[PDB]
> 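Structure in structure tokens, see below.
Just so you know, ligand 1 is whichever comes first in the structure, and atom 1 is the first atom listed for that ligand. Computed over heavy atoms, backbone and side chain alike; hydrogens, waters and symmetry mates excluded. Numbers restart at 1 for each chain; the letters A, B, ... are given by sequence-line order, proteins then strands.
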Amino acid sequence: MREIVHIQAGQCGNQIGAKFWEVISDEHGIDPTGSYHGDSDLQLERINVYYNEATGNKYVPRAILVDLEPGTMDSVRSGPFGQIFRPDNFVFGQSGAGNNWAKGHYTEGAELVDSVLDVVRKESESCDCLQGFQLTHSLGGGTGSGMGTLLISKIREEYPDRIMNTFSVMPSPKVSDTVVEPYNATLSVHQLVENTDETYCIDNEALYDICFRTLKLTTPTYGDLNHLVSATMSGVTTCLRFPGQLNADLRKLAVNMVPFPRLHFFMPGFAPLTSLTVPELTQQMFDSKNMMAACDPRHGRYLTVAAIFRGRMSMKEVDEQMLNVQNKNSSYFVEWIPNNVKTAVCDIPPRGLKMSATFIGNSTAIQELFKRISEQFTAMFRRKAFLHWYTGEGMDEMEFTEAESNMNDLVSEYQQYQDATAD
Amino acid sequence: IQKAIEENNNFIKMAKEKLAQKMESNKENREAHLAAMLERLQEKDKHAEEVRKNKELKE
Amino acid sequence: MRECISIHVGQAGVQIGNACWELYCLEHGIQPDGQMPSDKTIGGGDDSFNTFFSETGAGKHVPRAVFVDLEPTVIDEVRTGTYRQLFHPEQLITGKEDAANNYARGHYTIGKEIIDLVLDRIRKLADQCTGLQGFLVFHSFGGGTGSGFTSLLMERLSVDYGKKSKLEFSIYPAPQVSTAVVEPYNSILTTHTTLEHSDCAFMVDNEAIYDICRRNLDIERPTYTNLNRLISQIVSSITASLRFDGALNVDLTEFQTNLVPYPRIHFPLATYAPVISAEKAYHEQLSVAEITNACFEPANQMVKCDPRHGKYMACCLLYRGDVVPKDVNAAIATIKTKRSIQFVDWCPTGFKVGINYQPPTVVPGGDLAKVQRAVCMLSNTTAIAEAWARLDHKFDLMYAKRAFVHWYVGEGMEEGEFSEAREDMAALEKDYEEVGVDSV
Ligand SMILES: Nc1nc2c(ncn2[C@@H]2O[C@H](COP(=O)(O)OP(=O)(O)OP(=O)(O)O)[C@@H](O)[C@H]2O)c(=O)[nH]1
Ligand SMILES: Nc1nc2c(ncn2[C@@H]2O[C@H](COP(=O)(O)OP(=O)(O)O)[C@@H](O)[C@H]2O)c(=O)[nH]1
Ligand SMILES: [Ca+2]
Ligand SMILES: [Mg+2]
Ligand SMILES: [Mg+2]
């Protein structure tokens, strides 16, 4: 009876959001019609976290679908589980964002934001005790990046004591030739640093490399990248959806993962990744090749880590192997946060796997991600390239400089605590 | 026996006042924390108005 | 008279409370519906077990207990569990949002919204008592409710009941089963706020209980159920003098006189024996001497520390079962001639002994063997300060960087409360050093 309200904005946000509901609906035994046909009572014990139960014993995702164009949301409605979403929770426009953060944040998005809040408000009123919100979106586009960060600010104004979580997709030249993505992404990070409590960094650069290098996919599609996002999102929400002791709600997760409010950008990880023992799950789980953000954790230090093991296995062996990895890699865990690695175990494994492992790391090595975006940002901002797309919507030059400085400061803060010492 | 009564009453008294001060100081601090949060958010809305006006005048 | 009200706060306190009251019902012959065929006085009585159980006109024996948690899922198991008919609905109090492992939310933001209702329900129990003796408060150090709401409750109880005695059973955190990085913070904050409001506190180191279950009972990965059933036995031994009577029975308050030389030095170290599985206990009878010797094996302590490197200020032996003073005295004599039991120079060295003849009980499906005799030692040793030192060190590591402090400030707390609490702990560690120094 601790409800989460889900929001998905823009093309990317709606696609990964739709597949998120497909996966967890299968895990909870919910079919596309909303009826339960599972075999375990553990599936329904915390179903209220993500589902409303309309009379008739059908479960309706507590989900809101937003986009400044109908295209992506029309495929959701006509796809699998499209009929499970509440039709009133579809809020779309016709103008579009044109991959312009300013359009989605200040102009077109500002016209539609009020109607979205009406739906957020209606859903939140019927909550026994709202936990907070989780937003799926990309930072390289216009709607998900611009209007998504706008929704965050407006929701926070009305629910300032609730947790704001985001699944943010970072742009990569390997998965988009659209050139103004460094701008839209830097402007988005500027907002996320200030108005979110927890952000999972879904780096498209990492997803591509996993599909190509590891899984041997010459031409990775958005569907291939999204199969990783779905498995990851399922993993990092397992503690919220099933009975458990560790990080069972958004606030407790934030308290365990965020030692400083601005440093709330996590590095997801998943294992196995195959185109299986507990020692191998744990070794791979801490390997750079299994990270959903294109950063090497051995280039920084871990502030906090959450490990989630799924499937039937030996808890004694899990505890042993988690102690083993920390001891053998003690240099990569800050001394001044004792016992900063917490472990959860869920008896229910994902679909198609006998056992899996999900990794949530708050590592200073994440600066490599922001450094990559910053390098792409300054390369164009130095040339004032494409700024008329943004000044034409009313923006000022300072706002670009401010977003730049704030992201560069975020990098410095990660380096500060990476260099910090106990003695 | 009167001194025993006085000390026990002073312990109750001082415990009641210390707690009343903590709960009051805590309410004011938390309210000030939220006030600053919304005043920053409302400044963003005010800034969004300038952006939309800066564009309208550009036409 | 001499009624005792128990208060179980947070998940740890509630779940330990479930194990304790189940064990009590078995020790006294009370059924899950509260009926007790052996009790021939219906509706009331002055028997020893009435210190912990009230009686209704319908023959139900009701725990003098309140369960409080800021979220409902744990107490909900009590509402639907095997002993749901044992408690009146008003004894089980729940909120909708927990403290998110944040002392500030348990003591202020969330706790303040339910504190008045909790005090009201405690008052309802106190009004039923003709001679209330005090309270027993079960809570964890690490949880936001167990730390923050307990401190608030303790402060309020001092106001509403004066210096009426309040005893704690406190769960000291262990990495093997901990659920929050900030548990050192919450531990220091609640220890400081409760220090002046507690007369006696028994700390239970989860790592000590964890190791005991692994080593003595061969439980590979002990669960809370494993830990809590062991903790129940220790709590039972401690309260047995209040719930039973006998010629050789010694009241817990009389041990207290010896265990607390100064108000702040009120943290006894408990050691329990025998902890043995049914397989090893078979055809192996453990004598009085053997279980007494086990009390001085540090591996059987409830808190990890080395009394061999500290000084004793009191030693109490609480036996239960087939035990007579003759065998006790012989066992004690052997131990003094072969163990490093160094007392401070300002305390007598004699051991204080109590014997309850009711033998120990085990819950069905448990791991502990049923034995004919058991013992819990309660000693006041400077070595228990080791537990403070370990916790204070983890506090200093994080607080030097103000790690996670924003979660507390955001809920209304100030850094001054952190430093104030830490300084009180430093003085407490200092107090344990001074009491161990020889007199000039
Ligand atoms: N021995 C024992 N320890 C427990 C038990 N349950 C929780 N703990 C310990 O208590 C600490 C966490 O505090 P909890 O009691 O679970 O939290 P809480 O009091 O409900 O506070 P919030 O959940 O934050 O509102 C950790 O150190 C756990 O290891 C239990 O049943 N037995
Ligand atoms: N993983 C993934 N990334 C996407 C998807 N669609 C778009 N993106 C990324 O998002 C960015 C474009 O933003 P987009 O969501 O299409 O614009 P929007 O409709 O205004 O939100 C690009 O950098 C893409 O790599 C998708 O289905 N999956
Ligand atoms: Ca009776
Ligand atoms: Mg696109
Ligand atoms: Mg709890």
> Tell me, which protein residue and heavy-atom name are nearest atom 7 (C) of ligand 2, and how many Å apart are they?
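Scanning the protein heavy atoms, the shortest distance from atom 7 (C) of ligand 2 goes to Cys12(A) CB, 3.6 Å.
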> Identify the protein heavy atom lying closest to atom 26 (C) of ligand 2, giving its residue, its atom name and the separation to 0.1 Å.
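Answer for atom 26 (C) of ligand 2: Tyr222(A) CD2, 3.5 Å.
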> Hey, which of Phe386(A), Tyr183(A), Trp389(A) is the one that makes ring pair (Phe, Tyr, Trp, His ring centres under 6.0 Å) with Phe400(A)?
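Only one of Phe386(A), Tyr183(A), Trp389(A) forms a ring pair (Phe, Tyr, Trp, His ring centres under 6.0 Å) with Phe400(A), namely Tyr183(A).
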> Which residue and non-hydrogen atom of the protein lie closest to atom 17 (O) of ligand 2, and at what distance in Å?
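Nearest protein contact, heavy atoms only, for atom 17 (O) of ligand 2 is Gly141(A) CA, 3.3 Å.
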> Could you check atom 28 (N) of ligand 2 against the protein and tell me its nearest heavy-atom contact, residue, atom and distance included?
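Answer, as residue, atom name and distance: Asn226(A) OD1, 3.1 Å.
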> Of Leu207(A), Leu228(A), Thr143(A), which has the heavy atom at the shortest distance from atom 20 (O) of ligand 2?
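Among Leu207(A), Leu228(A), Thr143(A), the closest heavy atom to atom 20 (O) of ligand 2 comes from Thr143(A).
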> Can a non-hydrogen atom of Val229(A) be found less than 4.0 Å from any atom of ligand 2?
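Per 4.0 Å heavy-atom rule, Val229(A) does not contact ligand 2.
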> Salt bridge or not for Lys252(A) and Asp98(C), using N-O below 4.0 Å?
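Yes, charged N to carboxylate O under 4.0 Å.
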> Do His6(A) and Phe20(A) have their ring centres less than 6.0 Å from each other?
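Aromatic pair counts; centres sit under 6.0 Å.
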> Please list the nearest protein heavy atom to atom 19 (O) of ligand 2 with its residue and the distance rounded to 0.1 Å.
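Closest protein heavy atom to atom 19 (O) of ligand 2: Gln11(A) N, 2.9 Å.
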> So, for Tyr408(C) and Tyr103(C), is the gap between ring centers shorter than 6.0 Å?
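No - the distance between ring centres of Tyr408(C) and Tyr103(C) does not fall below the 6.0 Å cut-off.
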> In the protein, what heavy atom is nearest to atom 9 (C) of ligand 2, and what distance, to one decimal place, separates them?
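Here the nearest protein heavy atom works out to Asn204(A) ND2, 3.8 Å.
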> Looking only at protein heavy atoms, identify the closest one to atom 21 (O) of ligand 2 and say how far it is in Å.
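Answer, as residue, atom name and distance: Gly144(A) N, 3.0 Å.
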> Going by an N to O cut-off under 4.0 Å, is there a salt bridge joining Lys96(C) and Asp128(A)?
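Yes, this pair counts.
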> Within 45 degrees of the axis of the six-membered ring of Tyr106(A) and under 6.0 Å from its centre: does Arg52(B) put its NZ or CZ there?
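No, a cation-pi geometry is absent between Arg52(B) and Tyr106(A).
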